């Protein structure tokens, strides 16, 4: 089958941790990244050890899953190589593949992203250079992965590989970056990322026609977060975030998250435009601590269950995945309901 994982809020909803579980649990042949580039920080906890990737998909754990990066994604050579080293224990380097049509993040781009009054001060961007690079790509002057000789051993056709796999019945897992709220089209412009992030865009990033997409999982966290500036309707004061212990720092910039309550009307909208078939809710332990570690649905505390059900009815999409903690095992899998 086909599964696409996207964010339903402003990113950082726990997409990495979910692609993580699905990789190990469902054993996909191919696990691919779509999204923008390296502006994303996806974290996963593996038996007490927290990892964080930006370029390589969050599934390296699967020593038997081909790891791919779609043509629509930006590639930062420095970051890609650092993560080859950072994940050597998983033999990532032998299982990885960069589409030869990917655009390249150069140091001129990182610079611009890090210095300019508008992207750095006002928006304010990540500094990954993803913004200015796509601008160069739109202007068709940026270079492609084909033109970087240090990347030649890893060059491939991700679009072909993925489609070739789908023909033989193999399972393909696709990872998107950010969340619906950061969509260049449907997000809170101009406080967004440099590209649409919805499931349709992610499919185009890896090279999959919309008809070939079987499942679309949209990830939500119990308390939505925003890094950087921009409107946040259900935003809470920072004093409350502490009290409820909702303090988190960026995985790339290291800046505080801005925390808020679950926006249901936004959730319904985000889920529907994505064409969500299944919802996934994370950090339920942060909504109610008594739900920590729980792996069966009906052993959830009651205050936790009325949250999942309130979501399921005000969004109109079943929740088939509930994460109850940082660890892999901290997950409820209601794929049979």
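Residue numbers count along the first chain shown, from 1.
Participant: Please compare 180-188 with 107-115 and name the stretch with the higher mean C-alpha B-factor in the deposited structure.
Facilitator: So the stretch with the higher mean C-alpha B-factor is 107-115.
Participant: Should the higher mean CA B-factor in the entry be assigned to 326-334 or to 4-12?
Facilitator: According to the entry, 326-334 carries the higher average C-alpha B-factor.
Participant: Take the CA temperature factors straight from the PDB entry and tell me which of 33, 49, 303, 42 peaks.
Facilitator: Of 33, 49, 303, 42, 303 has the highest C-alpha B-factor.
Participant: Specify which of 76, 85, 168, 214 carries the largest Cα B factor in the deposited PDB entry.
Facilitator: When the deposited C-alpha B-factors of 76, 85, 168, 214 are compared, 168 is largest.
Participant: Residue 243's Cα B-factor: lowest, middle or highest third of the chain?
Facilitator: Highest third.
Participant: In terms of the chain's CA B-factor thirds, is residue 209 lowest, middle or highest?
Facilitator: Lowest third - that is where residue 209 ends up once the chain's C-alpha B-factors are sorted.
Participant: When the modelled residues of the chain are sorted by Cα temperature factor, does residue 142 land in the lowest, middle or highest third?
Facilitator: Its C-alpha B-factor, which the entry lists for residue 142, ranks in the middle third among residues of this chain.
Participant: Can you tell me whether residue 201 has a C-alpha B-factor in the lowest, middle or highest third compared with the other modelled residues of the same chain?
Facilitator: Its C-alpha B-factor belongs to the lowest third of this chain's values.
Participant: Using the B-factor values recorded in the entry, state whether the Cα atom of residue 19 falls in the lowest, middle or highest third among the modelled residues of its chain.
Facilitator: Lowest third - that is where residue 19 ends up once the chain's C-alpha B-factors are sorted.
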